Amino acid sequence: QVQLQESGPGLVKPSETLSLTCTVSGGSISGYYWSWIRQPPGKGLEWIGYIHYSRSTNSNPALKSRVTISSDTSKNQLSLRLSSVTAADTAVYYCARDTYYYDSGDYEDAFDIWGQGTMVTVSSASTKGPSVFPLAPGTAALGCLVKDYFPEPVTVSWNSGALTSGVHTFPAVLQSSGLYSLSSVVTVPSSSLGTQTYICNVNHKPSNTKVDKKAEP
Amino acid sequence: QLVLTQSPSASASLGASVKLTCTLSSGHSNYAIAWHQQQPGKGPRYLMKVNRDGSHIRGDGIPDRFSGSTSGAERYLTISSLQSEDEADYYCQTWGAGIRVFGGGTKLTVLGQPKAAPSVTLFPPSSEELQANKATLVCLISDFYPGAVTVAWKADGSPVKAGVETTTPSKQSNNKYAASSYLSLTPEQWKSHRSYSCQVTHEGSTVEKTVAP
Ligand SMILES: CC(=O)N[C@@H]1[C@@H](O)[C@H](O)[C@@H](CO)O[C@H]1O
């Protein structure tokens, strides 16, 4: 039940330093190497580097001059600092549990638990929260239109997470304004339209925006 | 230098088997690897470690349809009884001295899934959006396979090309595709026409929905 959770700003300006944390729950960081990995949108996985809290740290030769990885035993946390960022550093960033070292010094290689990832966008544009509009409705579709936000992502749940079946949240579209929009839809039984309410819960962490909207007939 | 070579894509039919390949550079031809799977829209998850001696160890919860094997510098992931959810990107990964390396990834297509015609819903601009002095028509295209469509918009039967944004079809949780098309208008444009329509073409057949102010 070891779980990894990445966190950090979703937006940084070019030339700034990106700072992320990886918090481990359900187990200790002791004994393992912990790796950082990133994935630019639509591209492959790139290893950034790793750390063992008492053995060593290292990083990808192409990023080493900009990468500092550290650990905090009291917080059960790993950290990544990436300096002098550019648009080429826009990516989802992951941490993962890597090789275990026995205190004899022997080891068993592993790479068996991933975090969920945190999206980072490098841009001089300012954060903007979304505007949310309902898409009003033996099956019927209804939804929510989530307009004009930056950076990605927004999360959309329905009925405070209680409704997860006919739900589909679409990929965002990048507008010529530089802002994103998306929609989230649910297919519901028509017989439920007069009695069950449907409320989308929109979360935009970069702007700390939280909006509920009812999609009513 | 330590290099893992994967070809970018692979393909096989629903219910068949497929063997994905990862090739180690010659100076590291005895290394173990790990296989990772990334289904569309999700983060990666670990599948298994494949050892030099040909043995393999699956991660907890990974189906036994996934197996691994070895031949020389080649490392394999065999997926049997292919299902729709196996469409994903598969990455091999290894461990060197002070470094870890990923292959470039292989995108697996699972062919021959059941054909499904799209269900189209066309939403007019909400009264809330019109009160904000904006207008978006939203054409929702649901539950189709294969995952390619084209969309045509019309205003009173005349084609509309400006202000159209259409998403690339995405797999739904039920393994059929969905897509969305948006037509951006001013409120005055919306109210000036008798109706607008969204026409979706899928496998040579068209479905049309109309909305009126
Ligand atoms: C901490 C670390 O990088 N350990 C690596 C190990 O993962 C790898 O299998 C081996 C290859 O010879 O080299 C070691 O230095």
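Values below: all heavy atoms of this structure, side chains included; hydrogens, waters and symmetry mates excluded. Here is the naming used below: chain letters follow the sequence lines, and residue numbers restart at 1 for every chain.
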> Can you say whether A/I37 sits under 4.5 Å from chain B via the side chain, the backbone, both, or neither, judging by heavy atoms?
side chain
> Side chain, backbone, both or neither: which part of B/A32 has a heavy atom under 4.5 Å from chain A?
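When you check distances to chain A, no heavy atom of B/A32 falls under 4.5 Å.
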> Shorter than 4.5 Å, heavy atoms on both sides: which option in A/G143, A/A110, A/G117, A/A136 has the most such pairs with chain B?
A/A110
> Which salt bridge (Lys or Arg N to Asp or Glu O under 4.0 Å) pairs, counting each pair once, include a residue from residues 22-33 of chain A, with sequence neighbours left out?
none
> Check the surroundings of atom CG in B/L14: do more than 12 heavy atoms from other residues, nucleotides or ligands lie under 6.0 Å from it?
yes
> Which donor-acceptor pairs sit under 3.5 Å apart between chain A and chain B?
from	atom 1	to	atom 2	distance (Å)
A/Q39	OE1	B/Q38	NE2	2.8
A/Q39	NE2	B/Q38	OE1	2.9
A/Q39	NE2	B/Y91	OH	3.3
A/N58	ND2	B/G98	O	2.8
A/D98	OD1	B/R100	NE	2.9
A/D98	OD1	B/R100	NH2	3.1
A/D98	OD2	B/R100	NE	2.9
A/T99	OG1	B/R100	NH2	3.0
A/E108	OE2	B/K49	NZ	2.9
A/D109	O	B/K49	NZ	2.9
A/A110	O	B/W95	NE1	2.9
A/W114	NE1	B/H36	ND1	3.1
A/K147	NZ	B/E129	OE2	2.7
A/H168	NE2	B/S170	OG	3.4
A/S183	OG	B/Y182	OH	2.7
A/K213	NZ	B/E128	OE1	3.3
A/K213	NZ	B/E128	OE2	2.9

> Check side chain to side chain donor-acceptor pair (under 3.5 Å) between A/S30 and all other residues, then give those that pass, not counting sequence neighbours.
A/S28
> Which atoms of B/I99 come close to chain A, meaning under 4.5 Å heavy atom to heavy atom: side chain ones, backbone ones, both, or neither?
both
> Could you have a look at A/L145, A/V167, A/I48, A/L182 and say which one has the most heavy-atom pairs with chain B under 4.5 angstrom?
A/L145
> Scan residues 172-181 of chain A for pairs that pass salt bridge (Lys or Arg N to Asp or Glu O under 4.0 Å), counting only residues two or more places apart or in two chains.
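Sorted pair list comes back empty.
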